Amino acid sequence: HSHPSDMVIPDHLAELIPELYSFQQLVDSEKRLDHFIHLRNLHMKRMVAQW
Amino acid sequence: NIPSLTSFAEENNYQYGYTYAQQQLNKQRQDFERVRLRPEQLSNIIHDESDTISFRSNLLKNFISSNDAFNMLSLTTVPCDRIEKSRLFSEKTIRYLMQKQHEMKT
Amino acid sequence: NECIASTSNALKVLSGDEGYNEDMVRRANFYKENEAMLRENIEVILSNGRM
Amino acid sequence: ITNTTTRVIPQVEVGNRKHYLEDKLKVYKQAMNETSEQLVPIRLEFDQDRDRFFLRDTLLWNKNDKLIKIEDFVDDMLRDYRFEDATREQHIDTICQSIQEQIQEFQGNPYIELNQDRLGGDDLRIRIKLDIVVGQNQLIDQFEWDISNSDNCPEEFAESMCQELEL
Amino acid sequence: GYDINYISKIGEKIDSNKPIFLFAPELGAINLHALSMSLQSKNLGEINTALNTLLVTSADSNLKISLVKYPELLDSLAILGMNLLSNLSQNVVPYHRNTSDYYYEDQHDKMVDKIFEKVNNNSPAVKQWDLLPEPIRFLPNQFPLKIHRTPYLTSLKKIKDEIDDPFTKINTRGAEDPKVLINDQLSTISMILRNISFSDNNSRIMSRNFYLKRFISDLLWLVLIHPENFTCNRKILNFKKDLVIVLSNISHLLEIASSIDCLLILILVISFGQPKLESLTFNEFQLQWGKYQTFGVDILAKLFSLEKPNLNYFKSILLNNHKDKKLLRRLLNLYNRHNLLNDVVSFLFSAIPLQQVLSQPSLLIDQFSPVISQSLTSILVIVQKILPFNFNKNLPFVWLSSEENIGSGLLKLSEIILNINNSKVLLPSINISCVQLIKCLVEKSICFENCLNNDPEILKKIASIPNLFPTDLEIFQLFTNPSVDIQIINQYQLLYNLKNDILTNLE
Amino acid sequence: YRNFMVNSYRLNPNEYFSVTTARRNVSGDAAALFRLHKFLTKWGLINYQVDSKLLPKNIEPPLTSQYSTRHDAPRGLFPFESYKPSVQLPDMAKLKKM
Amino acid sequence: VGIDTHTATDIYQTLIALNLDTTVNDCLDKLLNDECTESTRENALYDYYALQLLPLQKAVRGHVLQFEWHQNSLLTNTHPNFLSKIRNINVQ
Amino acid sequence: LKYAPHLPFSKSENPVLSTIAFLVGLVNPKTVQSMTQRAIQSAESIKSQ
Amino acid sequence: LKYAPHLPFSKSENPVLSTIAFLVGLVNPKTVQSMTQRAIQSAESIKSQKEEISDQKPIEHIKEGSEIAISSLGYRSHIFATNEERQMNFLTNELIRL
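The listed protein sequences correspond, in order, to chains A, B, C, D, E, F, G, H and I. Just so you know, the first sequence maps onto residues 53 to 103 in full-length UniProt numbering. Just so you know, the second sequence maps onto residues 37 to 54, 67 to 154 in full-length UniProt numbering. Just so you know, the third sequence maps onto residues 516 to 566 in full-length UniProt numbering. Just so you know, the fourth sequence maps onto residues 419 to 585 in full-length UniProt numbering. Just so you know, the fifth sequence maps onto residues 676 to 781, 791 to 806, 855 to 1009, 1021 to 1063, 1078 to 1093, 1102 to 1125, 1129 to 1156, 1183 to 1217, 1231 to 1314 in full-length UniProt numbering. Just so you know, the sixth sequence maps onto residues 346 to 443 in full-length UniProt numbering. Just so you know, the seventh sequence maps onto residues 486 to 577 in full-length UniProt numbering. Just so you know, the eighth sequence maps onto residues 592 to 640 in full-length UniProt numbering. Just so you know, the ninth sequence maps onto residues 592 to 689 in full-length UniProt numbering.
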């Protein structure tokens, strides 16, 4: 049951606990890291196929 | 098919009353826009999370979650000086922050 | 008072019962503040012949 | 009848006529720009020769009325006269064109209403004669009528005469 | 004191077998004229029993409700939804008023009757009113303070945190509150109107219905600018969830009436999807969640197809009859220059699942070819016919180099689509759309730099995109295979002629 | 005009009260009389029972009938309750005192 | 401790029936004995008339309220998930 | 007793909650809020020391 | 409270008073002396408090005792709220480490 709803700590907890922003922009900092791996993989599928 | 924009006009189509080219174009129009606009009569009728949400199961879970949390409040006869505080860190979060602070000088 | 009024109401819905509050509609000031809808409903039931 | 096998019946009709569906915007576009009326006397005569129907009905009609399509009113009238559904080779178009011609010739109430209106009018009294047949009675009467007065109401005098005679 | 798991287990069966309303097989001969005249009766029971018997039939998918046989039912629905939107923003209670509800119950003699008030003790004016009230704008209560741009997922979390609340009022019933009665009439109106619009004749009758267009432009204001009157937070999501469905089936013939409606359409379509915390301001929507954002990229694909009023209103909104000039200039700077254009283009670059179809090979593109095709058509329309001066920031440059590298994604997608059909109808259009989009983005970046002239070192930064601009070897491959098209290799060879003209002008 | 049309239909409800007889019997333009007659017949009220039919016979299942109601039936609605008398001897003393 | 709500409700029904029957028999005796005045004999005769047809009035007050509740049928107050009709993106 | 046919209270299950349900009608909420906020501020004055 | 059952004339169980005593027997009696002026605070302050609580009705003692009991319940609820906030901070640190 992959619920997309409960990946968000929207307002009521982040205002009370300020570390959750430091959590949340952590996760976003991961989400552009793995994508950088993804554009890496499509790079490495390219150049070998180039050669 | 993919009939026209002229076939969608009100002149070539019927109205509340009270030729051959029109009756040829309205065949393709009703044969195109009834295989396009027809609803799905099968599964994947869930569409999202907030349509198959159940009011009865959530109401039952909230009835249990209010009752036991109120029995946690009143019936627990531990005095306020005797309620021992919980740890703000774990046995693993206290190891990782000893490790990373050791490795922070690189 | 919100913990009690949303516990008995939480039992009425889960049991399956419905309707008005029995102790509210038993008095006479209910039918004096709702004087508008009763003159509609009495004429509707009487004219259809169910009263 | 509702106790059936659950069909969808759009507008089960009365008197073999679909219900008249209004516009409700042209009604307000006309009823607010509603200066005058200008009733039109309309005469319909047809014989068994050169026509098949007879249709000797006479009616008034508002000239400024742009709401009702005239062919729809004529098609309702022919259904009211119990003509069968072959009523286009005994055309509704002939009656519709006659009524379309008779409202085009109507030049309106002239400058006695258009430009000036002298209170009391002029001395123009005309000799109105009438000859009406209803059932087996025939009303024959003449009087005088000021054509130069704007506040002369024909309907308020017709109701007055049929009041006295019990018509 | 009870064992309420067993009580609820029995009460579920009790609620299932309870006689609430009629089912589909026991409705009998549904008469549309009776429903359409009962909706104008301004009763309460005659309205509700018409609405429920319309909701059961319209959701049945075996009983057709055609408006060719009766086109005045839809006007009754839309005028009822208009008049319920009117007295919800003013908090007036209908259906049980204590007013009388009746109007005036009861020549040359009017001067005689004037002096008859003299010798007994011894000309009325005109009226003016309209059929429908003012829309919902131009009301003294309704002035915009905050455009409620809540996203999809935060709305789902707000719903799940309102349902799972101990002191919840989501089931306070209908007869206990009149405001929830108005809201549950409006939700029935919206479910009916989204159920009717799945027919070939209703979709063109609902398209040419001034009442329905005014009701859509009336609700879309209330659900976005002042949603404080709707009781629950699930009704506000459900109005957006069927307004987009009813606008997905209509929009191929819709002519947008006013510019405020053309802005609220954009904000409603934008409100599906997830933003970030310039660059592309929309994280990619992965379609393991819900296909509701794919309906918006068809509304924007079909409403851009008219250069009449549609594209003129979209142009004047994206780039920039006497009170809405003040309303539009209030709504545009309440939306926090050119944030709207880059938000729409970044959202349209979302719902093209580049990461998902390029992570794992033919099934996902065969499933998502229409949404990809219409999204590329919408982006091509925005690039070619809107972007060509009051800009102050290079938008195609910050789309081409926004650290996600969507141009390389489109080029790899064109490679993938070119390597299935030659080794399933829309794919020759999608290839040419991808290549022409990359070409127009590069050319408009260079043209925007020539117009602005503030960043001179961009010819390096355009040519330093790691997987743009396909090499001469794959174009040598494309000029040999007979299974390729002519326009595909034509677009590829002019992309390569653009690549050579980059390097010549580089030094 | 409205009272004339409604009074004239209800003398013989089996007859379709046409526009032409209403036009021939009250003085006015044909457009407004036609619009008023079509509005009146739109809402029932005139020409509602021109061709009436008879419902044949109803083979009634149990509980779908007049006087098909029992005291043993559940009051889902009808919110007034019938309550169980608690006969307990201290509660008997409490009822005698109160 | 302090929990019995239920026996309280039942003996409340009992005490309400007791006081109602006390007033009914008071007006019945005051109308039946003519040693009481007519201003509490015929007054209590019509009190007894009001004490005769009261639960039939409550029966119509229940059925009319039940039909008023039936007027509140909207089919979106009930099941709030009524899934009406959707269709995803077609090739058409 | 205002919620007559649905009473979810048990002497064994919630002895305290039923007596509190009977007791909340008599008291004034303002003095209750004042006394509990005075208790909170007195606990903070003790804990700060 | 009139409609509550009891054991008549014998077997005295006191649900109101034992509820009040159970709720006040959890809440640190020095801050209970800080909570109300009515409670006994010292051996020199018995006579003046006994004089000032005089000339009160039997309903007043019920009212004051139930006020003290509900305020002690609110104070205990505040302590449980702060402990749950500490628990949420612990879960936040666990999330960050993960």
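For every residue, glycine included, the Cβ atom is placed at its ideal position computed from N, Cα and C.
Taking all protein chains shown into account, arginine 1087 of chain E has fewer than 16 neighbouring C-beta atoms within 10 Å of its C-beta and is therefore exposed. Of the candidates E:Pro1190, E:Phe1283, E:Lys1268, E:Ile1265, the residue whose Cα lies closest to the Cα of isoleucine 1245 of chain E is E:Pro1190.
Here the C-alpha atom of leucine 755 of chain E lies approximately 14 angstroms from the C-alpha atom of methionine 923 of chain E.
Across the structure, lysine 901 of chain E and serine 105 of chain B are spaced so that their CA atoms are roughly 16 angstroms apart. The beta carbon of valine 549 of chain G falls within 7 angstroms of a beta carbon belonging to chain C, placing the residue at that interface.
In this structure, the alpha-carbon of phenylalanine 1255 of chain E lies about 33 angstroms from that of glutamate 82 of chain A.
By DSSP's assignment, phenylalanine 1025 of chain E forms a beta bridge with E:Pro1007. Uninterrupted alpha helix (DSSP H) stretches at least 4 residues long and entirely within the segment 367 to 439 of chain F occur at 375 to 387, given in chain order.
In terms of Cα proximity to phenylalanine 947 of chain E, the closest of E:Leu979, E:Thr963, E:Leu1259 is E:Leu979. The Cβ-Cβ distance between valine 1242 of chain E and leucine 1119 of chain E does not fall below 7 angstroms. Just measuring C-alpha positions, the residue of D:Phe575, D:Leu462, D:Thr423, D:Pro428 sitting nearest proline 700 of chain E is D:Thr423. Inclusion of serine 524 of chain G and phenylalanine 696 of chain E in the CB contact set at 7 angstroms is not warranted, their separation being larger than that value. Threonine 365 of chain F and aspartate 498 of chain D do touch by the CB rule: their CB atoms are close to 4 angstroms apart, below 8 angstroms. In the structure shown, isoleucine 460 of chain D falls within a strand segment according to DSSP collapsed to helix, strand and coil.
Under the Cβ criterion (8 angstroms, minimum of three pairs), the segment 707 to 717 of chain E does not count as touching the segment 683 to 695 of chain E. Its Cα nearest to that of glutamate 455 of chain D, the residue D:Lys484 stands out among D:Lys484, D:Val430, D:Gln560. At a cut-off of 7 angstroms between C-beta atoms, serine 363 of chain F does not count as an interface residue with respect to chain G.
Take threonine 732 of chain E, set aside five residues on each side of it, and the residues of its chain with a beta-carbon closer than 6 angstroms to its own are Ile705, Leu738, in chain order. Leaving aside the five residues that flank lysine 684 of chain E on each side, none in its chain has a CB nearer than 7 angstroms to its CB. Here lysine 515 of chain G is buried. Its C-beta has 16 or more other C-beta atoms within 10 Å. Residues are counted here when their Cβ sits less than 8 angstroms from a Cβ of chain B; for the segment 523 to 539 of chain C these are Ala525, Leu526, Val528, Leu529, given in chain order. Bridge pairing for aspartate 564 of chain D: D:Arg543 [DSSP]. 7 angstroms or more divides the Cβ of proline 867 of chain E from the Cβ of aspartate 993 of chain E.
Of the other Cβ atoms in all chains shown, 16 or more fall within 10 Å of the Cβ of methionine 350 of chain F; this residue is therefore buried. In the three-state reduction of the DSSP assignment, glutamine 556 of chain D falls in the strand class, which pools E and B. In the DSSP annotation of this structure, the continuous segment of the alpha helix (DSSP H) that includes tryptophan 554 of chain G starts and ends at 539 to 556. Inter-segment contact for the segment 397 to 408 of chain F and the segment 425 to 443 of chain F is absent: fewer than three beta-carbon pairs are separated by less than 8 angstroms.
Rounded to whole angstroms, the separation of the alpha carbons of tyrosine 1056 of chain E and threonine 1037 of chain E is 23 angstroms. For the 7 angstroms CB-CB criterion, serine 98 of chain B and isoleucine 891 of chain E form a contact. Separation of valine 1139 of chain E and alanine 45 of chain B (C-alpha to C-alpha, rounded to the nearest whole angstrom) is 27 angstroms.
Taking a Cβ-Cβ cut-off of 7 angstroms, the neighbours of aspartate 436 of chain F in chain G comprise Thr492, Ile496, given in sequence order.
In the DSSP secondary-structure assignment, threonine 365 of chain F is not bridged to any residue. Within chain B, the C-beta atoms nearer than 7 angstroms to that of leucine 568 of chain G come from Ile93, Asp99, in chain order. By the criterion of a C-beta distance shorter than 8 angstroms, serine 568 of chain D is surrounded in its chain by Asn527, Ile530, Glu531, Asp535, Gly539, once the five residues flanking it on both sides are discounted. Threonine 476 of chain D: member of the beta strand (DSSP E) spanning 476 to 480, first to last residue. For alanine 551 of chain C, the enclosing alpha helix (DSSP H) stretches over residues 550 to 563.
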